[PDB]
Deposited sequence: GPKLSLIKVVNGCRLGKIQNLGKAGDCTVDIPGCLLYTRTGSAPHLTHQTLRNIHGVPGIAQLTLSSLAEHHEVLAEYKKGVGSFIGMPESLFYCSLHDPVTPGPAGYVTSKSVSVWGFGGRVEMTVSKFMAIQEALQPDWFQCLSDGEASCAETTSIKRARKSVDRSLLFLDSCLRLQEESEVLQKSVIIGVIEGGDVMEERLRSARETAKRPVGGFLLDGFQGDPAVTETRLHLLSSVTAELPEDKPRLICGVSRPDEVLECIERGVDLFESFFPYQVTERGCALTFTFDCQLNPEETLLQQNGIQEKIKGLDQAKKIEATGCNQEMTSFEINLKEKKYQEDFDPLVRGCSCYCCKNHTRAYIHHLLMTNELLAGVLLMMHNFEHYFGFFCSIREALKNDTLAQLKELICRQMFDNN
C-alpha cells in the first residue's frame, strides 16, 4: 500500500505501508549491499547509523552463485545472512560491477559474481528466487538495448515475455506467494518503445516498476523518464537503478521516481573520500593536508566516525591500508547520504525542494 502525503511539482511525498508491519518513506533510498552485507559494516555498526532505510537491496549477481547452499538452507537469504527481520529487494545487477554485456537472449540472461557466469532461463531465475525468497524482486529483464529501433523493440518484447512467464511460475510457487514482482520498463532510447513498455507492463499485476537503462544522465533520457512515469499508475512505487548521485537523484524525483540505490556513498568510500556537502562536496582523506587535521570529517555530524575520530586518524588508516578506514568512511558516508534523503522529504513537507536543489547543485 502506497499512500501519498502530497505531490508538489511532480515530486511524490508519501509512505509505503503493509510491507506486513513495515513502512518505507518516499522519496527514499534502499540500503546498498554486496554479497549480502552492507559493505564494510556489521549488524552492530549498521544499527548505530542514523536513518538507515527500511528496505535493503540485494543483487542477484552476487548471490546467484550461492544457489545450492541457499536452497539447502530453505529459510531464505535474509535469514541466511543473519538479517532475518529486514526487508529485501533483489535486483538483477549490481550497479557498480555489472559484468560484461551482450549475453542477453530471448531465452536467458547472465550474471557474474565472484566466480563464473550464471546463465538464467526463466525457470532457473525463478528457482533461484524460490531459494532467496526476497520481499521484492526485479523480474528477469533485457536491459542492454541502450548499451537501433530493432534492438530496443526486442528489449520490450523479451521483457514482457519474461514478465508473463515469471508471473505464471509465481502462481504455482508456495514460497513466492508473499513475494512481490517488480516490472521492468525497457525500450532503450526509442520513445515509442519506452511508452509501449510502460503501458504494457502496467497492465500486468506487478507490485511496482523499475526504470531500467537510464544510467549516465542526459536531458534526452530525463525526458524519456518523465514520459514513462506519466504512463504509470500513481499508487505503485517507482524504482530506478544506477542513479544515486545527489544531483541526479533530485532530477529523477521531479519526474515521479520514488526509490533509489545508495551505491554512491559506497563509491565515495572506495576512493578514500568522505561526503561533506551541506544539505541544510567530498574530501579525499589521503591528501597530506589531513595528516595533522584533528577535526572530524564533518563538524556537527552525529555519526560514530565524526563523534569519536579525526581526519588525521583516518588519513593514517588509509595510508596503512587498514580496513577500519573503510568502516569509518562507510559509516559516515551512509549517514550523510541517508541524512540527505531525510532533508529531501523535509523540503517536500515544507515546499522548499527547489531551494535544496540549488544548495546541492551549488556544491557540484
### Summary
Comparing deposited sequence to modelled residues, the uncovered ranges are 1 to 2, 22 to 24, 153 to 156, 226 to 228, 293 to 331, 416 to 419
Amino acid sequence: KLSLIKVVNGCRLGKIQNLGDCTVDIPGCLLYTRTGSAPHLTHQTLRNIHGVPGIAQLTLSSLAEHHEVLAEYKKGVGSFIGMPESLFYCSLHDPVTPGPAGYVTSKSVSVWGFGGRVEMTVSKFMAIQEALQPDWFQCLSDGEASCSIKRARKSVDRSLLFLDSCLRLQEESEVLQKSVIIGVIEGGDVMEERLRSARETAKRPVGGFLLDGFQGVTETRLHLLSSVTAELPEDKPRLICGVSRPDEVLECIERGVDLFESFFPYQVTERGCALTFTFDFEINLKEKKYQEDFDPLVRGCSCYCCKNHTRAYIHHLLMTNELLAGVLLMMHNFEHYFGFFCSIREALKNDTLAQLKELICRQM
From here on, numbers count along this sequence of modelled residues.
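Between two forms, the rigid core is defined as the largest C-alpha subset superposing within 1.5 Å.
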### Query
How do 79 to 87 and 119 to 127 compare in 5 other deposited structures of this protein: which one has C-alphas farther from this form after the rigid core is matched?
79 to 87
## Note on the structure
By Cα RMS to this form in 5 other deposited structures of this protein after fitting the core, the stretch ranking higher of 251 to 259 and 110 to 118 is 110 to 118
### Query
Averaging C-alpha B-factors over each stretch, which comes out higher, 255 to 263 or 230 to 238?
230 to 238
### 51 to 59 versus 317 to 325 - which carries the larger mean C-alpha B factor in the record
51 to 59
### Query
What's the residue among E270, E72, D293, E171 with the greatest CA temperature factor in the PDB record?
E171
### Query
Say you rank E193, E119, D94, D247 by Cα B-factor from the PDB entry; which sits at the top?
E193
### Query
Within this chain, which third does the Cα B-factor at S165 fall in: lowest, middle or highest?
highest
### Task
Sort the modelled residues of this chain by their C-alpha B factor and say whether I16 lands in the lowest, middle or highest third.
highest
### Query
Lowest, middle or highest third of the chain for the C-alpha temperature factor of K357?
lowest
### Task
Please rank the C-alpha B-factors of the chain's modelled residues and tell me whether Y103 sits in the lowest, middle or highest third.
highest
### Query
Among the modelled residues of its chain, does the C-alpha B-factor of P134 lie in the lowest, middle or highest third?
middle
